[PDB]
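Student: The structure file coords.cif (mmCIF, C-alpha atoms and all ligand atoms) is provided below.
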```
data_coords
loop_
_atom_site.label_atom_id
_atom_site.label_comp_id
_atom_site.auth_asym_id
_atom_site.auth_seq_id
_atom_site.Cartn_x
_atom_site.Cartn_y
_atom_site.Cartn_z
CA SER A 1 -28.82 89.32 -42.54
CA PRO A 2 -25.78 91.50 -41.65
CA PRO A 3 -22.41 91.23 -43.44
CA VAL A 4 -19.74 88.85 -42.11
CA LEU A 5 -16.98 90.79 -43.84
CA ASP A 6 -16.49 94.29 -45.07
CA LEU A 7 -14.24 94.28 -48.16
CA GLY A 8 -13.52 98.03 -48.09
CA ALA A 9 -12.07 97.59 -44.62
CA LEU A 10 -9.61 95.19 -46.31
CA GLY A 11 -7.93 98.10 -48.21
CA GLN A 12 -5.50 97.93 -51.13
CA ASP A 13 -4.35 94.53 -49.77
CA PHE A 14 -7.74 93.21 -50.95
CA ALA A 15 -7.70 95.12 -54.24
CA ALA A 16 -4.19 93.95 -55.08
CA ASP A 17 -4.92 90.36 -54.19
CA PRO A 18 -8.52 89.32 -53.41
CA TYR A 19 -8.06 85.68 -54.08
CA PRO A 20 -7.01 84.47 -50.63
CA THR A 21 -10.06 86.25 -49.21
CA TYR A 22 -12.38 84.52 -51.69
CA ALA A 23 -10.44 81.35 -51.03
CA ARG A 24 -11.02 81.80 -47.30
CA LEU A 25 -14.73 82.10 -47.97
CA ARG A 26 -14.91 79.08 -50.23
CA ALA A 27 -13.56 76.83 -47.51
CA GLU A 28 -16.41 77.97 -45.23
CA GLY A 29 -19.20 77.58 -47.74
CA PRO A 30 -20.58 78.54 -51.21
CA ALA A 31 -22.33 81.85 -50.43
CA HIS A 32 -21.53 84.78 -48.11
CA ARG A 33 -23.24 88.13 -47.30
CA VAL A 34 -20.65 90.91 -47.58
CA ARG A 35 -20.34 94.69 -47.98
CA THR A 36 -18.50 96.02 -50.99
CA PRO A 37 -15.89 98.80 -50.76
CA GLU A 38 -18.61 101.20 -51.89
CA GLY A 39 -20.85 99.86 -49.09
CA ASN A 40 -23.65 97.90 -50.75
CA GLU A 41 -24.51 94.65 -49.09
CA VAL A 42 -24.46 91.79 -51.61
CA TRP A 43 -24.03 87.99 -51.71
CA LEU A 44 -21.00 86.26 -53.15
CA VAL A 45 -21.24 82.83 -54.75
CA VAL A 46 -17.77 81.18 -54.76
CA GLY A 47 -16.10 78.10 -56.19
CA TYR A 48 -16.09 76.82 -59.74
CA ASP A 49 -18.86 74.18 -59.77
CA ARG A 50 -21.30 76.34 -57.87
CA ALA A 51 -20.22 79.48 -59.67
CA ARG A 52 -21.00 77.79 -62.97
CA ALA A 53 -24.46 76.61 -61.80
CA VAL A 54 -25.48 80.06 -60.62
CA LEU A 55 -24.57 81.79 -63.98
CA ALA A 56 -26.89 79.43 -65.95
CA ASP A 57 -29.53 79.12 -63.18
CA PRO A 58 -32.85 80.79 -64.25
CA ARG A 59 -34.03 81.00 -60.67
CA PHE A 60 -31.55 83.96 -60.78
CA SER A 61 -33.00 86.89 -62.73
CA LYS A 62 -30.99 89.73 -64.30
CA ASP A 63 -34.09 91.95 -64.42
CA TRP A 64 -34.40 94.73 -61.86
CA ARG A 65 -38.13 94.30 -61.39
CA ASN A 66 -36.89 91.41 -59.25
CA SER A 67 -34.28 93.32 -57.22
CA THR A 68 -35.24 94.70 -53.80
CA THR A 69 -32.76 97.48 -54.55
CA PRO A 70 -34.36 100.47 -56.31
CA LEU A 71 -32.60 101.96 -59.35
CA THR A 72 -31.67 105.66 -59.53
CA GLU A 73 -33.11 107.80 -62.32
CA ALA A 74 -29.83 107.75 -64.26
CA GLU A 75 -29.64 103.96 -64.07
CA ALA A 76 -33.33 103.30 -64.83
CA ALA A 77 -32.67 105.28 -68.02
CA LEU A 78 -30.20 102.59 -69.08
CA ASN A 79 -31.49 99.31 -67.68
CA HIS A 80 -33.43 98.36 -70.88
CA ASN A 81 -30.65 96.17 -72.37
CA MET A 82 -30.23 92.44 -72.92
CA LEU A 83 -27.80 91.89 -69.98
CA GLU A 84 -30.35 93.30 -67.61
CA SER A 85 -33.20 91.09 -68.95
CA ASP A 86 -34.84 87.64 -68.87
CA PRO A 87 -36.66 85.87 -71.73
CA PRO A 88 -38.35 86.93 -73.82
CA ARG A 89 -37.08 90.47 -73.80
CA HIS A 90 -33.57 89.10 -73.61
CA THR A 91 -34.32 86.89 -76.62
CA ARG A 92 -35.79 89.67 -78.80
CA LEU A 93 -32.84 91.94 -77.90
CA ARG A 94 -29.82 89.67 -78.36
CA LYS A 95 -31.18 88.54 -81.72
CA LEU A 96 -31.00 92.09 -83.01
CA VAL A 97 -27.19 92.07 -83.17
CA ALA A 98 -26.07 88.49 -82.83
CA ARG A 99 -25.34 88.26 -86.52
CA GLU A 100 -22.96 91.21 -85.93
CA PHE A 101 -20.50 89.67 -83.49
CA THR A 102 -19.88 86.15 -84.85
CA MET A 103 -16.34 84.93 -85.23
CA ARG A 104 -16.53 85.04 -89.02
CA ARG A 105 -18.02 88.51 -89.26
CA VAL A 106 -15.41 89.90 -86.86
CA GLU A 107 -12.60 88.33 -88.93
CA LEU A 108 -13.51 90.85 -91.61
CA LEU A 109 -12.24 93.45 -89.14
CA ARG A 110 -8.75 92.06 -88.70
CA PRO A 111 -7.29 94.46 -91.28
CA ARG A 112 -8.60 97.64 -89.67
CA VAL A 113 -7.85 96.40 -86.16
CA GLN A 114 -4.31 95.64 -87.30
CA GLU A 115 -4.14 99.12 -88.75
CA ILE A 116 -5.24 100.68 -85.48
CA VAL A 117 -2.73 98.60 -83.43
CA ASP A 118 0.13 99.57 -85.76
CA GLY A 119 -0.76 103.23 -85.29
CA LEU A 120 -0.63 103.12 -81.52
CA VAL A 121 2.47 100.94 -81.12
CA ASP A 122 4.34 103.12 -83.61
CA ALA A 123 3.35 106.16 -81.56
CA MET A 124 4.26 104.26 -78.41
CA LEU A 125 7.84 103.32 -79.42
CA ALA A 126 8.47 107.04 -79.93
CA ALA A 127 8.43 107.74 -76.17
CA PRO A 128 11.93 109.26 -75.82
CA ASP A 129 13.29 107.27 -72.84
CA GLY A 130 11.60 103.97 -73.80
CA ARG A 131 8.95 104.19 -71.10
CA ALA A 132 5.19 104.78 -70.99
CA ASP A 133 1.89 103.56 -69.65
CA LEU A 134 0.45 100.63 -71.56
CA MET A 135 -3.07 101.48 -70.34
CA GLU A 136 -2.97 105.09 -71.58
CA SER A 137 -1.35 104.49 -74.98
CA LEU A 138 -2.56 101.05 -75.99
CA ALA A 139 -5.04 99.24 -73.73
CA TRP A 140 -7.57 102.10 -73.63
CA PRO A 141 -7.28 103.57 -77.15
CA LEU A 142 -7.48 100.26 -79.07
CA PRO A 143 -10.86 98.98 -77.85
CA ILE A 144 -12.48 102.43 -77.95
CA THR A 145 -11.38 103.15 -81.49
CA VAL A 146 -12.57 99.73 -82.71
CA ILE A 147 -16.00 99.81 -81.09
CA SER A 148 -16.62 103.52 -81.82
CA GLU A 149 -16.04 102.71 -85.47
CA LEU A 150 -18.48 99.79 -85.37
CA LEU A 151 -21.08 102.17 -83.83
CA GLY A 152 -20.47 105.62 -85.30
CA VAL A 153 -19.06 107.53 -82.38
CA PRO A 154 -17.16 110.51 -83.95
CA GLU A 155 -13.47 110.82 -82.92
CA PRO A 156 -13.72 114.11 -80.93
CA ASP A 157 -16.38 112.46 -78.66
CA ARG A 158 -14.25 109.46 -77.62
CA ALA A 159 -12.05 111.05 -74.96
CA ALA A 160 -15.05 111.73 -72.71
CA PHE A 161 -15.64 107.96 -72.64
CA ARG A 162 -12.53 107.11 -70.66
CA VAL A 163 -13.63 109.71 -68.11
CA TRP A 164 -17.26 108.54 -67.85
CA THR A 165 -16.49 104.84 -67.81
CA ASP A 166 -13.88 105.38 -65.09
CA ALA A 167 -16.50 107.23 -63.02
CA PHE A 168 -18.45 103.94 -62.69
CA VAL A 169 -15.45 101.65 -62.05
CA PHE A 170 -14.19 102.92 -58.73
CA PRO A 171 -15.98 106.18 -58.30
CA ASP A 172 -14.16 108.58 -56.07
CA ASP A 173 -17.69 108.86 -54.62
CA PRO A 174 -21.26 107.79 -55.44
CA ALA A 175 -21.99 111.33 -56.58
CA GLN A 176 -19.45 111.23 -59.39
CA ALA A 177 -20.66 107.88 -60.65
CA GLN A 178 -24.22 109.26 -60.97
CA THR A 179 -23.14 112.36 -62.92
CA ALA A 180 -21.24 110.17 -65.40
CA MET A 181 -24.30 108.06 -66.19
CA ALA A 182 -26.47 111.10 -66.85
CA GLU A 183 -23.75 112.89 -68.84
CA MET A 184 -23.20 109.75 -70.95
CA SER A 185 -26.91 108.84 -71.25
CA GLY A 186 -27.48 112.43 -72.32
CA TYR A 187 -24.73 112.18 -74.98
CA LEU A 188 -25.89 108.85 -76.33
CA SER A 189 -29.34 110.28 -76.90
CA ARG A 190 -28.06 113.17 -78.99
CA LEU A 191 -25.87 110.79 -80.89
CA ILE A 192 -28.84 108.51 -81.61
CA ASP A 193 -30.91 111.44 -82.71
CA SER A 194 -28.13 112.84 -84.91
CA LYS A 195 -28.20 109.54 -86.89
CA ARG A 196 -31.82 109.98 -87.98
CA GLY A 197 -31.96 110.76 -91.67
CA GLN A 198 -28.20 110.47 -92.38
CA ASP A 199 -27.95 107.07 -94.09
CA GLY A 200 -25.18 105.86 -91.81
CA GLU A 201 -24.02 102.31 -92.53
CA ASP A 202 -22.80 101.76 -88.98
CA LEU A 203 -24.83 99.64 -86.55
CA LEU A 204 -26.24 102.54 -84.55
CA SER A 205 -27.72 104.13 -87.66
CA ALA A 206 -28.96 100.68 -88.53
CA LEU A 207 -30.57 100.26 -85.13
CA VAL A 208 -32.16 103.74 -85.29
CA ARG A 209 -33.69 102.81 -88.64
CA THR A 210 -34.81 99.43 -87.24
CA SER A 211 -36.33 101.18 -84.25
CA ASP A 212 -38.01 104.01 -86.15
CA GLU A 213 -39.55 101.62 -88.68
CA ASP A 214 -41.22 99.50 -86.01
CA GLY A 215 -40.89 100.45 -82.34
CA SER A 216 -42.23 97.10 -81.23
CA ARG A 217 -38.93 95.46 -82.49
CA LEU A 218 -36.77 98.01 -80.64
CA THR A 219 -38.25 100.73 -78.34
CA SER A 220 -36.53 104.03 -78.02
CA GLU A 221 -35.38 103.02 -74.49
CA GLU A 222 -33.94 99.72 -75.64
CA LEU A 223 -32.17 101.53 -78.42
CA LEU A 224 -30.38 103.63 -75.87
CA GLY A 225 -29.92 100.54 -73.64
CA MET A 226 -28.12 98.80 -76.53
CA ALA A 227 -25.83 101.68 -77.50
CA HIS A 228 -24.73 101.87 -73.93
CA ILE A 229 -24.33 98.10 -73.32
CA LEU A 230 -22.35 97.55 -76.54
CA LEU A 231 -20.12 100.52 -75.74
CA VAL A 232 -19.23 100.06 -72.07
CA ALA A 233 -19.07 96.28 -72.32
CA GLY A 234 -16.99 97.05 -75.44
CA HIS A 235 -14.56 99.51 -73.87
CA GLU A 236 -13.92 98.53 -70.20
CA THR A 237 -13.54 94.70 -70.24
CA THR A 238 -11.34 94.54 -73.37
CA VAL A 239 -9.10 97.34 -72.06
CA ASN A 240 -8.56 95.41 -68.85
CA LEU A 241 -8.01 92.07 -70.47
CA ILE A 242 -5.14 93.50 -72.51
CA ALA A 243 -3.77 95.26 -69.46
CA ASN A 244 -4.28 92.36 -67.09
CA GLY A 245 -2.78 90.08 -69.78
CA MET A 246 0.44 91.91 -70.57
CA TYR A 247 0.86 92.23 -66.85
CA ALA A 248 0.60 88.46 -66.22
CA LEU A 249 3.01 88.07 -69.08
CA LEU A 250 5.47 90.72 -67.98
CA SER A 251 5.48 89.45 -64.41
CA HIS A 252 6.27 85.82 -65.37
CA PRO A 253 9.29 86.27 -67.66
CA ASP A 254 9.52 82.58 -68.64
CA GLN A 255 6.04 82.51 -70.17
CA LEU A 256 6.91 85.70 -72.05
CA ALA A 257 9.98 84.27 -73.83
CA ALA A 258 7.99 81.05 -74.56
CA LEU A 259 5.40 82.98 -76.59
CA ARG A 260 8.10 85.26 -77.93
CA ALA A 261 9.83 82.22 -79.54
CA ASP A 262 6.62 80.52 -80.73
CA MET A 263 3.60 82.58 -81.83
CA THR A 264 1.35 79.51 -82.18
CA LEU A 265 0.95 79.87 -78.42
CA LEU A 266 -0.87 83.20 -78.76
CA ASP A 267 -4.47 81.99 -78.53
CA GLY A 268 -3.55 79.78 -75.57
CA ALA A 269 -1.76 82.67 -73.88
CA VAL A 270 -4.79 84.87 -74.34
CA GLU A 271 -7.02 82.10 -72.93
CA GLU A 272 -4.73 81.78 -69.89
CA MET A 273 -4.83 85.59 -69.49
CA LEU A 274 -8.64 85.33 -69.22
CA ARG A 275 -8.34 82.29 -66.92
CA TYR A 276 -5.76 83.89 -64.58
CA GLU A 277 -6.45 87.63 -64.37
CA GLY A 278 -9.60 88.08 -66.35
CA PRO A 279 -11.13 91.54 -66.23
CA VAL A 280 -14.49 90.32 -64.87
CA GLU A 281 -13.82 89.62 -61.20
CA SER A 282 -17.53 89.20 -60.42
CA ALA A 283 -20.31 88.70 -62.91
CA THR A 284 -23.08 91.30 -63.06
CA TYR A 285 -26.06 91.57 -60.66
CA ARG A 286 -28.33 88.62 -60.00
CA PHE A 287 -31.69 88.49 -58.20
CA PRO A 288 -33.14 85.20 -57.10
CA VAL A 289 -36.82 85.24 -57.96
CA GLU A 290 -37.66 83.06 -54.96
CA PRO A 291 -35.34 82.22 -52.02
CA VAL A 292 -32.57 79.79 -53.07
CA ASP A 293 -30.90 77.12 -50.95
CA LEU A 294 -27.23 76.89 -51.78
CA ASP A 295 -26.03 73.99 -49.60
CA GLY A 296 -27.82 75.14 -46.45
CA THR A 297 -27.25 78.86 -46.98
CA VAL A 298 -30.60 80.48 -47.84
CA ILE A 299 -30.33 83.65 -50.00
CA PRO A 300 -33.63 85.62 -49.96
CA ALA A 301 -35.72 86.63 -52.99
CA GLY A 302 -34.64 89.89 -54.58
CA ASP A 303 -31.15 90.14 -53.05
CA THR A 304 -28.11 91.18 -55.05
CA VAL A 305 -25.86 88.24 -56.00
CA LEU A 306 -22.36 88.13 -57.52
CA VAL A 307 -20.71 85.08 -58.98
CA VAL A 308 -16.96 85.39 -58.30
CA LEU A 309 -15.43 84.21 -61.58
CA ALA A 310 -12.05 85.16 -60.12
CA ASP A 311 -12.53 82.47 -57.51
CA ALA A 312 -14.03 80.04 -59.97
CA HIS A 313 -10.66 80.18 -61.84
CA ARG A 314 -8.48 79.67 -58.74
CA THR A 315 -10.32 76.46 -57.74
CA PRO A 316 -7.66 73.72 -57.73
CA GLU A 317 -10.12 70.87 -58.50
CA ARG A 318 -11.00 72.49 -61.81
CA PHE A 319 -7.60 74.03 -62.54
CA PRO A 320 -4.63 72.14 -61.15
CA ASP A 321 -2.02 74.51 -59.73
CA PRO A 322 -4.49 77.41 -59.85
CA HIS A 323 -1.94 80.16 -59.01
CA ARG A 324 0.57 79.40 -61.80
CA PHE A 325 0.27 81.38 -65.03
CA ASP A 326 0.84 78.76 -67.70
CA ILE A 327 0.19 79.77 -71.28
CA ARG A 328 -0.12 76.12 -72.31
CA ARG A 329 -2.56 74.86 -69.65
CA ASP A 330 -5.95 73.50 -70.72
CA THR A 331 -8.10 76.63 -70.31
CA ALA A 332 -11.35 75.08 -71.60
CA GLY A 333 -14.46 75.70 -69.48
CA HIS A 334 -13.29 78.93 -67.94
CA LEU A 335 -16.13 81.27 -67.08
CA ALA A 336 -14.35 84.50 -68.17
CA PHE A 337 -17.01 85.20 -70.82
CA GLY A 338 -19.77 83.96 -68.56
CA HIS A 339 -21.85 80.82 -69.03
CA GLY A 340 -25.51 80.36 -70.15
CA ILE A 341 -27.95 82.57 -72.03
CA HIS A 342 -26.07 85.70 -71.12
CA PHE A 343 -22.84 84.29 -72.54
CA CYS A 344 -20.77 87.26 -73.87
CA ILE A 345 -21.82 88.27 -77.34
CA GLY A 346 -18.53 89.86 -78.29
CA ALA A 347 -15.97 87.33 -77.07
CA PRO A 348 -14.77 86.92 -80.60
CA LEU A 349 -14.07 90.64 -80.96
CA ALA A 350 -12.36 90.63 -77.59
CA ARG A 351 -10.09 87.75 -78.47
CA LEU A 352 -9.29 89.48 -81.76
CA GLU A 353 -8.17 92.87 -80.38
CA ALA A 354 -6.18 91.18 -77.58
CA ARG A 355 -4.42 88.66 -79.80
CA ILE A 356 -3.36 91.37 -82.22
CA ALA A 357 -2.17 93.74 -79.50
CA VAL A 358 -0.22 91.13 -77.52
CA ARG A 359 1.56 90.03 -80.66
CA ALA A 360 2.32 93.65 -81.71
CA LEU A 361 4.08 94.50 -78.38
CA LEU A 362 6.11 91.27 -78.43
CA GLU A 363 7.18 91.47 -82.05
CA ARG A 364 7.91 95.21 -81.86
CA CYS A 365 9.37 95.87 -78.40
CA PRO A 366 12.39 93.63 -77.81
CA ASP A 367 13.51 93.65 -74.14
CA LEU A 368 10.07 94.83 -72.86
CA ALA A 369 9.70 94.80 -69.09
CA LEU A 370 7.55 96.04 -66.29
CA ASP A 371 8.72 99.56 -65.53
CA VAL A 372 7.85 99.65 -61.79
CA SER A 373 8.33 97.34 -58.78
CA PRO A 374 5.17 95.05 -59.10
CA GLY A 375 3.92 95.95 -55.58
CA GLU A 376 3.83 99.59 -56.76
CA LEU A 377 0.99 98.81 -59.11
CA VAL A 378 -2.37 100.08 -57.99
CA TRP A 379 -5.60 98.15 -58.45
CA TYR A 380 -9.14 99.38 -58.41
CA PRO A 381 -10.92 97.97 -55.33
CA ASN A 382 -14.22 97.34 -57.14
CA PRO A 383 -15.07 93.61 -56.77
CA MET A 384 -16.80 93.42 -60.17
CA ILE A 385 -14.00 94.51 -62.45
CA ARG A 386 -10.33 93.53 -62.07
CA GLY A 387 -8.33 96.62 -63.16
CA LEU A 388 -5.07 98.64 -62.99
CA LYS A 389 -4.85 102.41 -62.47
CA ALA A 390 -1.80 102.46 -64.68
CA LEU A 391 0.70 99.98 -66.19
CA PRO A 392 4.17 101.46 -66.83
CA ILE A 393 6.43 99.50 -69.18
CA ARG A 394 9.88 99.90 -70.74
CA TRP A 395 12.12 98.71 -73.63
CA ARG A 396 15.85 98.68 -74.68
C1 LIG B 401 -12.12 90.39 -72.59
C2 LIG B 401 -13.25 91.04 -72.86
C3 LIG B 401 -14.64 90.60 -72.33
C4 LIG B 401 -14.98 89.86 -71.26
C5 LIG B 401 -14.07 89.20 -70.22
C6 LIG B 401 -16.43 89.78 -71.23
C7 LIG B 401 -17.20 89.11 -70.31
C8 LIG B 401 -18.58 89.02 -70.31
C9 LIG B 401 -19.41 88.33 -69.32
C10 LIG B 401 -18.86 87.59 -68.08
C11 LIG B 401 -20.70 88.47 -69.70
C12 LIG B 401 -21.99 87.96 -69.03
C13 LIG B 401 -22.06 88.65 -67.68
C14 LIG B 401 -23.17 88.08 -66.83
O1 LIG B 401 -23.62 86.91 -67.02
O2 LIG B 401 -23.61 88.86 -65.95
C15 LIG B 401 -20.71 89.22 -70.92
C16 LIG B 401 -21.84 89.55 -71.59
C17 LIG B 401 -21.94 90.50 -72.57
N1 LIG B 401 -20.88 91.12 -73.21
FE1 LIG B 401 -18.88 90.75 -72.80
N2 LIG B 401 -16.92 90.46 -72.33
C18 LIG B 401 -15.85 90.98 -73.00
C19 LIG B 401 -15.91 91.72 -74.14
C20 LIG B 401 -17.04 92.22 -74.69
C21 LIG B 401 -17.06 93.08 -75.83
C22 LIG B 401 -15.79 93.54 -76.58
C23 LIG B 401 -18.33 93.39 -76.09
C24 LIG B 401 -18.79 94.32 -77.23
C25 LIG B 401 -19.75 93.95 -78.08
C26 LIG B 401 -19.18 92.72 -75.11
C27 LIG B 401 -20.55 92.78 -75.00
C28 LIG B 401 -21.34 92.02 -74.17
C29 LIG B 401 -22.79 92.00 -74.16
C30 LIG B 401 -23.71 92.83 -75.06
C31 LIG B 401 -23.20 90.98 -73.09
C32 LIG B 401 -24.62 90.53 -72.65
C33 LIG B 401 -25.00 89.24 -73.39
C34 LIG B 401 -26.43 88.79 -73.12
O3 LIG B 401 -27.00 89.25 -72.08
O4 LIG B 401 -27.01 87.98 -73.93
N3 LIG B 401 -18.35 92.01 -74.28
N4 LIG B 401 -19.42 89.52 -71.28
#
```
What's the structure tokens form of this structure?
Ligand code: HEM
Tutor:
Amino acid sequence: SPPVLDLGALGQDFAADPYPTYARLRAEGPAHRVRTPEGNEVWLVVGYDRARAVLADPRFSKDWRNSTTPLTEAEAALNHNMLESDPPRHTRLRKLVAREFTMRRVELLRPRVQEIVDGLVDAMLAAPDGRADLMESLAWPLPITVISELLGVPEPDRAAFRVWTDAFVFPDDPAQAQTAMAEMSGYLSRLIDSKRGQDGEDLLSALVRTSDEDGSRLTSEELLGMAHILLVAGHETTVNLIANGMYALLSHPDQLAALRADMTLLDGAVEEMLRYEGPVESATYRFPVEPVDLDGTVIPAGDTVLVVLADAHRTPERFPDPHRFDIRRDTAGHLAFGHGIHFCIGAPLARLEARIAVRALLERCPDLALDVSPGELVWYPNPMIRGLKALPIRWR
């Protein structure tokens, strides 16, 4: 029952570089009870083959009615979304927006996305001494603008979102996380209400109309659950991809020039950014419905389980030379977007924003470099999301 390892005792060492610790675990076995820096005791499933199994395994439920851990009031407010569901609710819910996030549909957004990215890079090259934080001026503002537009979040109300979403990455403390969720959940509900009767053409309006017309298709809870899900999962992961990506790029200068000289490598590069430093370090909560034997180790019904995608991707048997960042490696079968029914619905939009951004910095900042001695970067210690506090850069 008790943890064999406390991760928060491992300090910034672990946050900077968690891989050898996961790697240490994988040697020993596939699953390990641990305590997270914020002190919840969870299970970690490690290693590609087993990691992949667990993601698609329906013995593992994403529905909290199956978790022995009780939800707080703020959280219960928001747990009615597809990602925290099993069939059929999951089915009814995903189907409501699937059309929306296909590759083809998204391609009709390339122009606007491009327009946004031009705006921010232009602004960014105007930093007097050729220095600034990539996170602050590109990686955060791009995804939030794009997704806000898709969903009808008015510009004045966007700033608050960096603040709130931060508050449930690493919270300073569990009290600040909770406040965020209520503050946000509160704001989303006004926003949803403000849509009623306004003939918006954005997806939130559309959902409100869908919901109001027939509350058996979408309940008022699920409506809020969706707005949230599509927003957070829209902001946070994309932001960190871009920021993890550029960083992998900037810290291996050979791979940078390679893509700089040949922009056919862009998609590959973005795939290796997801393979190598993907923003989803551990997939979201999983609750075995009955006890599950993973090679001798018996995880009990209703425990919290995390699949460590970060470790999946550093498994040498599935990825030769797992520590080398190689923009041309075969990246197929990576788990960065998950695997199975819950497979990420907005991968195409993610790839799109990232591709455009990575190209824009490379074609518009010659001589771009890390501004900062790499070991002076600071990583959030949360074991779910892989993320930088800041990412200073420079140019000629
Ligand atoms: C690089 C960016 C992204 C990464 C790495 C990523 C990764 C993931 C992963 C791993 C899952 C499944 C998690 C699990 O099984 O617990 C997932 C699901 C999901 N993602 Fe993303 N995602 C990204 C971008 C986005 C964006 C931009 C959106 C905005 C629409 C989005 C919306 C969702 C939703 C709604 C689900 C739940 C799908 C379902 O339960 O059927 N994601 N994503």
Student: Work out how far atom CA of residue A:98 is from atom CA of residue A:285, in Å to one decimal.
Tutor: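 A separation of 22.4 Å between them.
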Student: Could you check which of A:181, A:138, A:345, A:226 is closest to residue A:116, using all atoms listed in the file?
Tutor: A:138
Student: Work out how far atom CA of residue A:274 is from atom CA of residue A:261, in Å to one decimal.
Tutor: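 Separation of atom CA of residue A:261 and atom CA of residue A:274: 21.4 Å.
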Student: Of the candidates A:54, A:368, A:83, A:167, which shows the shortest atom-to-atom distance to residue A:179, using all atoms listed in the file?
Tutor: A:167
Student: If you count all atoms listed in the file, which residues fall within 10 Å of residue A:40, apart from same-chain ones fewer than 3 positions away, as a PDB file with C-alpha atoms, in the coordinates of the input?
Tutor:
```
ATOM      1  CA  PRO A   3     -22.410  91.230 -43.440  1.00  0.00           C
ATOM      2  CA  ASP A   6     -16.490  94.290 -45.070  1.00  0.00           C
ATOM      3  CA  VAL A  34     -20.650  90.910 -47.580  1.00  0.00           C
ATOM      4  CA  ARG A  35     -20.340  94.690 -47.980  1.00  0.00           C
ATOM      5  CA  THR A  36     -18.500  96.020 -50.990  1.00  0.00           C
ATOM      6  CA  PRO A  37     -15.890  98.800 -50.760  1.00  0.00           C
ATOM      7  CA  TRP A  43     -24.030  87.990 -51.710  1.00  0.00           C
ATOM      8  CA  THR A  69     -32.760  97.480 -54.550  1.00  0.00           C
ATOM      9  CA  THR A 304     -28.110  91.180 -55.050  1.00  0.00           C
TER      10      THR A 304
END
```
Student: Could you tell me which of A:206, A:290, A:316, A:308 comes closest to residue A:383 if we count only C-alpha atoms?
Tutor: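 Under the stated criterion, the closest residue is A:308.
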Student: Need to verify the contact set: stretch 75-79 of chain A, 10 Å, all atoms listed in the file, exclusion of same-chain residues closer than 6 positions in sequence. Can you return it as a count of residues only?
Tutor: 17
Student: Determine, for each residue of chain A having at least one atom at most 8 Å from an atom of ligand LIG 401 (chain B), the closest pair of atoms and their separation in Å to one decimal, counting all atoms listed in the file; order by chain and ascending number, as a tab-separated table.
Tutor:
```
residue	atom	partner	partner_atom	distance
A:55	CA	B:LIG401	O1	6.0
A:62	CA	B:LIG401	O2	7.6
A:81	CA	B:LIG401	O3	7.8
A:82	CA	B:LIG401	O3	4.6
A:83	CA	B:LIG401	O3	3.5
A:84	CA	B:LIG401	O3	6.9
A:85	CA	B:LIG401	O3	7.2
A:90	CA	B:LIG401	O4	6.7
A:91	CA	B:LIG401	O4	7.9
A:94	CA	B:LIG401	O4	5.5
A:101	CA	B:LIG401	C25	6.9
A:143	CA	B:LIG401	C22	7.5
A:147	CA	B:LIG401	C24	7.3
A:226	CA	B:LIG401	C30	7.6
A:229	CA	B:LIG401	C30	5.6
A:230	CA	B:LIG401	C25	4.7
A:231	CA	B:LIG401	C24	6.5
A:232	CA	B:LIG401	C24	7.7
A:233	CA	B:LIG401	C26	4.5
A:234	CA	B:LIG401	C24	3.7
A:235	CA	B:LIG401	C22	6.7
A:236	CA	B:LIG401	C2	8.0
A:237	CA	B:LIG401	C2	4.5
A:238	CA	B:LIG401	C2	4.0
A:239	CA	B:LIG401	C2	7.6
A:240	CA	B:LIG401	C1	7.2
A:241	CA	B:LIG401	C1	4.9
A:242	CA	B:LIG401	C1	7.6
A:274	CA	B:LIG401	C5	6.7
A:278	CA	B:LIG401	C5	6.0
A:279	CA	B:LIG401	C5	5.5
A:280	CA	B:LIG401	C5	5.5
A:282	CA	B:LIG401	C10	7.9
A:283	CA	B:LIG401	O2	4.5
A:284	CA	B:LIG401	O2	3.8
A:285	CA	B:LIG401	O2	6.4
A:286	CA	B:LIG401	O2	7.6
A:335	CA	B:LIG401	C10	7.0
A:336	CA	B:LIG401	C5	5.1
A:337	CA	B:LIG401	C7	3.9
A:338	CA	B:LIG401	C10	3.8
A:339	CA	B:LIG401	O1	6.7
A:340	CA	B:LIG401	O1	7.5
A:341	CA	B:LIG401	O4	5.8
A:342	CA	B:LIG401	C34	3.7
A:343	CA	B:LIG401	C12	5.1
A:344	CA	B:LIG401	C16	3.4
A:345	CA	B:LIG401	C28	4.9
A:346	CA	B:LIG401	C23	4.2
A:347	CA	B:LIG401	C19	5.3
A:348	CA	B:LIG401	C22	7.8
A:349	CA	B:LIG401	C22	5.5
A:350	CA	B:LIG401	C22	4.6
A:351	CA	B:LIG401	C1	6.8
A:354	CA	B:LIG401	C1	7.8
```
Student: Taking only C-alpha atoms into account, which of A:245, A:381, A:333, A:300 comes nearest residue A:139?
Tutor: A:245
Student: Determine the nearest neighbour of residue A:330 from the options A:272, A:49, A:133, A:41, counting all atoms listed in the file.
Tutor: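 For residue A:330, the nearest of the given residues is A:272.
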Student: Using Å and a single decimal, report how far atom CA of residue A:322 sits from atom CA of residue A:4.
Tutor: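 That distance, rounded to one decimal, is 26.0 Å.
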Student: Hey, what's within 12 Å of residue A:254 if we count all atoms listed in the file and toss same-chain stuff fewer than 4 positions away? As a list in words, please?
Tutor: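 Once the nearby chain positions are removed, what remains is residues 248, 249, 250, 258, 259, 260, 261, 324, 325, 326 and 327 of chain A.
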Student: Select, from A:27, A:38, A:390, A:197, the residue with the minimum atom-to-atom distance to residue A:168, counting all atoms listed in the file.
Tutor: A:38
Student: Set the distance at 12 Å and use all atoms listed in the file: which residues neighbour residue A:217 once local chain neighbours fewer than 5 positions away are removed? I'd like the list as number ranges by chain.
Tutor: A: 89, 91-96, 207-212, 222-223
